[PDB]
């Protein structure tokens, strides 16, 4: 398991707890603690990923520059897909905080159900985009 995969694993571990939407989660969500921690976990994932990309590129047996730039761009695509998935996670959690803050004490049940439905979809993308990224990195080296 590469460093970036472990970093993504810590992102997953925290996201999974957040999705329970317990009252403890709601506490740390409305205090912006959740969006702060998820942002850091996301950044460390992308940083490790960037550095790990540079690693494989240097150990790559030389090839025609055209293929070199294509595989590079193919990996930036998968790299960008993962990044967008995580950013979207943080976003919907920020949005939820803003909505509750504007709800003046009414029931957040329906908001939490819609949030869970959206996190489940974003979650599905991260599995897919992360898997494709792992495959494209392996064939790389």
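Positions refer to the first chain, counted from 1.
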Subject >> 61-69 or 42-50, whichever carries the higher mean Cα B-factor >> reply: 61-69
Original post:
So which stretch wins on mean C-alpha B-factor, 93-101 or 52-60?
Top reply: 52-60
Subject >> Entry-reported Cα temperature factor of residue 113, expressed as the chain third it lands in >> reply: lowest
**OP:** Just say lowest, middle or highest third for the CA B-factor of residue 33 relative to the other modelled residues in its chain.
**Re:** middle
Subject >> Cα B factor band for residue 6 (lowest, middle or highest third within the chain) >> reply: lowest
**OP:** Grab the CA temperature factor for residue 13 from the record and place it in the lowest, middle or highest third of its chain.
**Re:** lowest
